[PDB]
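So this block is model.txt, compact mmCIF, C-alpha atoms and all ligand atoms:
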# COMPACT_ATOMS: atom_id res chain seq x y z
CA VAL A 1 11.46 0.65 18.37
CA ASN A 2 10.92 -1.28 15.08
CA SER A 3 13.09 -2.73 12.31
CA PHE A 4 12.37 -0.15 9.54
CA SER A 5 15.59 1.60 8.43
CA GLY A 6 16.46 4.55 6.36
CA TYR A 7 13.07 6.25 6.43
CA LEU A 8 12.55 9.99 6.42
CA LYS A 9 10.07 11.19 9.03
CA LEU A 10 7.22 13.29 7.61
CA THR A 11 4.93 13.49 10.66
CA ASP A 12 4.42 11.93 14.08
CA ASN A 13 3.25 8.71 12.40
CA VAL A 14 4.17 8.77 8.68
CA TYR A 15 7.59 7.81 7.29
CA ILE A 16 8.80 7.58 3.66
CA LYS A 17 11.61 5.79 1.80
CA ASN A 18 12.72 5.29 -1.80
CA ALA A 19 12.45 1.51 -1.86
CA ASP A 20 11.03 -1.47 -3.70
CA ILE A 21 8.19 -2.65 -1.45
CA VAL A 22 8.91 -6.27 -2.41
CA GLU A 23 12.52 -5.99 -1.30
CA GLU A 24 11.57 -3.85 1.71
CA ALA A 25 9.06 -6.56 2.71
CA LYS A 26 11.57 -9.37 2.14
CA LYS A 27 13.99 -7.81 4.54
CA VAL A 28 11.77 -6.41 7.25
CA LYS A 29 9.12 -9.18 7.21
CA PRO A 30 6.61 -6.66 8.61
CA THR A 31 3.45 -7.70 10.40
CA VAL A 32 1.44 -6.04 7.59
CA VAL A 33 2.32 -5.22 3.99
CA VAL A 34 -0.32 -3.30 2.05
CA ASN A 35 -1.18 -4.33 -1.51
CA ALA A 36 -2.53 -1.86 -4.08
CA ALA A 37 -5.39 -4.20 -4.95
CA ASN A 38 -8.38 -4.06 -7.28
CA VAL A 39 -11.86 -5.29 -6.35
CA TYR A 40 -11.29 -8.65 -8.09
CA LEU A 41 -7.90 -9.22 -6.41
CA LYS A 42 -6.42 -9.76 -9.89
CA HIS A 43 -2.77 -8.99 -9.22
CA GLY A 44 -1.59 -8.31 -12.76
CA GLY A 45 0.64 -5.26 -12.62
CA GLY A 46 1.92 -2.38 -10.58
CA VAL A 47 2.58 -3.08 -6.93
CA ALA A 48 0.11 -5.99 -6.92
CA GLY A 49 1.74 -7.77 -9.84
CA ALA A 50 5.15 -7.35 -8.22
CA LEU A 51 4.05 -8.58 -4.78
CA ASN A 52 2.25 -11.55 -6.31
CA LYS A 53 5.25 -12.51 -8.45
CA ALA A 54 7.46 -12.45 -5.34
CA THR A 55 5.08 -15.02 -3.76
CA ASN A 56 5.43 -17.32 -6.81
CA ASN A 57 1.69 -16.73 -7.53
CA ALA A 58 0.59 -18.02 -4.10
CA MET A 59 -1.02 -14.63 -3.41
CA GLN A 60 -3.14 -14.99 -6.56
CA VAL A 61 -4.19 -18.57 -5.70
CA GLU A 62 -5.28 -17.48 -2.21
CA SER A 63 -7.03 -14.41 -3.64
CA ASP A 64 -9.00 -16.43 -6.19
CA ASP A 65 -10.38 -18.63 -3.40
CA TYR A 66 -11.26 -15.49 -1.38
CA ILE A 67 -13.23 -14.01 -4.31
CA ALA A 68 -14.95 -17.31 -5.09
CA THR A 69 -16.23 -17.38 -1.49
CA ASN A 70 -16.91 -13.69 -0.79
CA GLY A 71 -17.27 -11.87 -4.11
CA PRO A 72 -15.46 -8.66 -5.00
CA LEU A 73 -14.28 -6.01 -2.60
CA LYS A 74 -15.68 -2.47 -2.59
CA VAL A 75 -13.65 0.43 -3.96
CA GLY A 76 -12.33 1.96 -0.73
CA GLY A 77 -12.48 -1.43 1.01
CA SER A 78 -9.97 -4.05 2.08
CA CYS A 79 -9.39 -7.60 3.23
CA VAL A 80 -6.67 -9.27 5.30
CA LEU A 81 -5.03 -12.31 3.72
CA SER A 82 -1.71 -14.09 4.18
CA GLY A 83 1.55 -12.22 3.70
CA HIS A 84 3.14 -15.43 2.35
CA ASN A 85 6.94 -15.06 2.27
CA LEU A 86 6.76 -11.25 2.46
CA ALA A 87 4.95 -10.42 5.75
CA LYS A 88 2.67 -12.05 8.37
CA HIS A 89 -0.36 -10.50 6.70
CA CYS A 90 -1.20 -8.69 3.49
CA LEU A 91 -3.82 -5.96 3.74
CA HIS A 92 -5.31 -5.76 0.24
CA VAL A 93 -6.67 -2.19 -0.07
CA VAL A 94 -8.63 -0.92 -3.08
CA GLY A 95 -7.98 2.72 -3.87
CA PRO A 96 -9.99 4.35 -6.65
CA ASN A 97 -8.56 3.83 -10.15
CA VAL A 98 -8.76 7.13 -12.05
CA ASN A 99 -8.15 5.23 -15.33
CA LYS A 100 -11.54 3.50 -14.63
CA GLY A 101 -13.32 6.77 -13.61
CA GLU A 102 -13.70 6.02 -9.87
CA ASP A 103 -14.35 8.79 -7.37
CA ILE A 104 -11.13 10.17 -5.86
CA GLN A 105 -13.03 10.97 -2.62
CA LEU A 106 -12.89 7.21 -2.04
CA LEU A 107 -9.14 7.55 -1.47
CA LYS A 108 -9.76 8.72 2.11
CA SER A 109 -11.98 5.69 2.77
CA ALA A 110 -9.23 3.45 1.37
CA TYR A 111 -6.62 4.91 3.74
CA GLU A 112 -8.98 4.51 6.73
CA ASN A 113 -8.39 0.75 6.47
CA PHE A 114 -4.80 1.35 7.62
CA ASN A 115 -6.08 2.52 11.04
CA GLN A 116 -7.03 -1.07 11.93
CA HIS A 117 -3.29 -1.96 12.08
CA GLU A 118 -0.73 -0.50 14.47
CA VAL A 119 2.17 -0.59 11.97
CA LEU A 120 2.19 -1.08 8.17
CA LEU A 121 4.54 -1.11 5.19
CA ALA A 122 2.63 0.39 2.30
CA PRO A 123 2.63 1.98 -1.12
CA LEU A 124 0.86 5.21 -1.88
CA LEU A 125 -2.73 4.21 -2.63
CA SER A 126 -4.10 5.01 -6.09
CA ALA A 127 -0.61 6.01 -7.31
CA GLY A 128 1.21 4.38 -10.22
CA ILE A 129 -1.08 2.61 -12.68
CA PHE A 130 -4.14 3.61 -10.63
CA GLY A 131 -3.71 7.09 -12.09
CA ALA A 132 -4.00 9.44 -9.10
CA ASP A 133 -1.56 12.23 -8.25
CA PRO A 134 0.90 10.70 -5.74
CA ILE A 135 1.34 14.09 -4.03
CA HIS A 136 -2.44 14.18 -3.35
CA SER A 137 -2.27 10.56 -2.19
CA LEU A 138 0.48 11.43 0.29
CA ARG A 139 -1.56 14.35 1.64
CA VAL A 140 -4.63 12.13 2.14
CA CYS A 141 -2.44 9.51 3.82
CA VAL A 142 -1.01 12.03 6.30
CA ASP A 143 -4.45 13.51 7.02
CA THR A 144 -6.20 10.12 7.42
CA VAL A 145 -3.85 7.47 8.82
CA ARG A 146 -3.20 7.70 12.56
CA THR A 147 -1.28 4.43 12.95
CA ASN A 148 2.39 4.09 12.03
CA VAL A 149 2.86 3.86 8.27
CA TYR A 150 6.13 3.28 6.41
CA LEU A 151 5.71 4.34 2.77
CA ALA A 152 7.80 2.67 0.09
CA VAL A 153 8.10 4.71 -3.12
CA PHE A 154 9.68 2.75 -5.97
CA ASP A 155 10.60 5.69 -8.22
CA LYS A 156 13.52 7.77 -6.93
CA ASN A 157 12.48 10.80 -8.98
CA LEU A 158 8.97 10.65 -7.55
CA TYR A 159 10.30 10.23 -4.07
CA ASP A 160 12.40 13.41 -4.34
CA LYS A 161 9.39 15.26 -5.56
CA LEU A 162 7.13 14.06 -2.77
CA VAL A 163 9.67 15.10 -0.11
CA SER A 164 10.52 18.48 -1.63
CA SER A 165 6.84 19.45 -2.04
CA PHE A 166 5.62 18.14 1.34
CA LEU A 167 3.89 20.71 3.52
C1 LIG A 201 9.84 -0.99 -9.88
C2 LIG A 201 10.23 -1.83 -8.68
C3 LIG A 201 11.56 -2.53 -9.02
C4 LIG A 201 9.06 -2.77 -8.35
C5 LIG A 201 9.62 -4.15 -8.05
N1 LIG A 201 9.82 -4.81 -9.33
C6 LIG A 201 9.72 -6.25 -9.32
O1 LIG A 201 9.49 -6.80 -8.29
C7 LIG A 201 9.88 -7.07 -10.58
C8 LIG A 201 10.58 -6.43 -11.71
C9 LIG A 201 8.55 -7.64 -10.98
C10 LIG A 201 9.19 -9.01 -10.99
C11 LIG A 201 10.40 -8.45 -10.28
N2 LIG A 201 8.26 -2.36 -7.20
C12 LIG A 201 7.23 -1.35 -7.37
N3 LIG A 201 6.50 -1.31 -8.47
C13 LIG A 201 5.55 -0.39 -8.62
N4 LIG A 201 5.32 0.52 -7.69
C14 LIG A 201 6.03 0.54 -6.53
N5 LIG A 201 6.00 1.33 -5.43
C15 LIG A 201 6.93 0.90 -4.58
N6 LIG A 201 7.55 -0.16 -5.12
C16 LIG A 201 7.00 -0.39 -6.34
Translate the structure described by the file into C-alpha cells.
Amino acid sequence: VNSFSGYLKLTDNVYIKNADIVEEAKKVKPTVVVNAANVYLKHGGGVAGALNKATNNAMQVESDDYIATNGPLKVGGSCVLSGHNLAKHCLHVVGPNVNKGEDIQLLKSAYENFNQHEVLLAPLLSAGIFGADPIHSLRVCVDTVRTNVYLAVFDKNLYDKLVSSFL
C-alpha cells in the first residue's frame, strides 16, 4: 500500500490522474519524482520549469553543478539528483524533443530509466512542449515500464482523452 490517491488504474503497474505534478509531489513527497528534462538540465518551461520554480531555483543550482562536472545527458538518458522539497529524489529523464527533430524511437529508451526505481510519480515523457503525441507516450510507457508508475497529467481535457482512447 502507498500514499497515492485518486488514481485510475490502467494496467497492473501504471496509474493515471489529472493532477499538477508539483502539487501532487508536495502532498505525497514520493521517493522519486520524474522531471521532463533536457540534456543541459536547463529547467526553463513545461514540467521542468514548474518543478524548478517550486524548489525556489535550488533544482537549477544543483543541476548547473552536475553539468559543470559531468557534461550533458544523452537523449534517452537520465540522472538522479535531489528531490529538494518535492520528493527524496528527482529522476531527470530526457525524452526526445520533436520540436528539435530528435528520434521518437528514443522515447522507449527514456522510459527504461523508470525501471531502476520501484515506484515513481511522473509526467508523460516527451509530451507538452517536447512535441510528441501524449497518447503514443502513454502507450510506450505501458509497454516499457514494469515498475509502479503514477502519471500526473496537468490538462484535464488531455487526461479525458488519454483514458477514453486507452486500449
Ligand atoms: C499547468 C500546471 C498548473 C503546472 C503547474 N503550474 C505551476 O506550477 C506554476 C504556474 C508555474 C509556477 C506555478 N504543472 C504542469 N505543467 C506542465 N505539464 C504538466 N503535466 C503535469 N503537470 C504539469
Near residue A:48, within 8 Å and counting all atoms listed in the file, which residues show up once chain neighbours fewer than 3 positions away are dropped, as number ranges by chain?
-> A: 35-37, 43-45, 51-52
Give me, as a PDB file with C-alpha atoms, in the coordinates of the input, all polymer residues having an atom no more than 10 Å from residue A:167, counting only C-alpha atoms and skipping those fewer than 5 positions away in the same chain.
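Below is the file result-v8.pdb, written as the result:
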ATOM      1  CA  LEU A  10       7.220  13.290   7.610  1.00  0.00           C
ATOM      2  CA  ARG A 139      -1.560  14.350   1.640  1.00  0.00           C
ATOM      3  CA  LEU A 162       7.130  14.060  -2.770  1.00  0.00           C
TER       4      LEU A 162
END
For residue A:123: contacts at 8 Å, all atoms listed in the file, fewer than 5 positions along chain excluded, given as a count of residues only = 8
Close residues, residue A:60 itself excluded, 8 Å, all atoms listed in the file, min 3 positions apart in chain, as an MDAnalysis selection string | chainID A and resid 41:43 52 57 63:64
Could you tell me how far atom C1 of ligand LIG 201 (chain A) lies from atom CA of residue A:135, in Å and to one decimal?
->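 It comes out at 18.3 Å.
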For atom CA of residue A:1 and atom CA of residue A:115, the interatomic separation in Å (one decimal) | 19.1 Å
Counting all atoms listed in the file, the residue of A:49, A:77, A:96, A:131 that sits nearest ligand LIG 201 (chain A) = A:49
Counting all atoms listed in the file, the option among A:108, A:53, A:29, A:146 closest to residue A:89 | A:29
Residue nearest ligand LIG 201 (chain A) among A:107, A:19, A:91, A:121 (counting only C-alpha atoms and all ligand atoms) =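 Selected residue with least distance to ligand LIG 201 (chain A): A:19.
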Minimum-distance residue to residue A:59, chosen among A:132, A:7, A:76, A:83 (using all atoms listed in the file) |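 With all atoms listed in the file as the atom set, the closest residue is A:83.
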Determine, counting only C-alpha atoms, which protein, DNA and RNA residues have an atom within 7 Å of an atom of residue A:39; residues of the same chain fewer than 2 positions away are not included. Present the result as a VMD selection string.
-> chain A and resid 37 41 72 to 75 94
Pick from A:11, A:144, A:69, A:56, whichever lies nearest to ligand LIG 201 (chain A) using only C-alpha atoms and all ligand atoms =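 Among A:11, A:144, A:69, A:56, it is A:56 that comes nearest to ligand LIG 201 (chain A).
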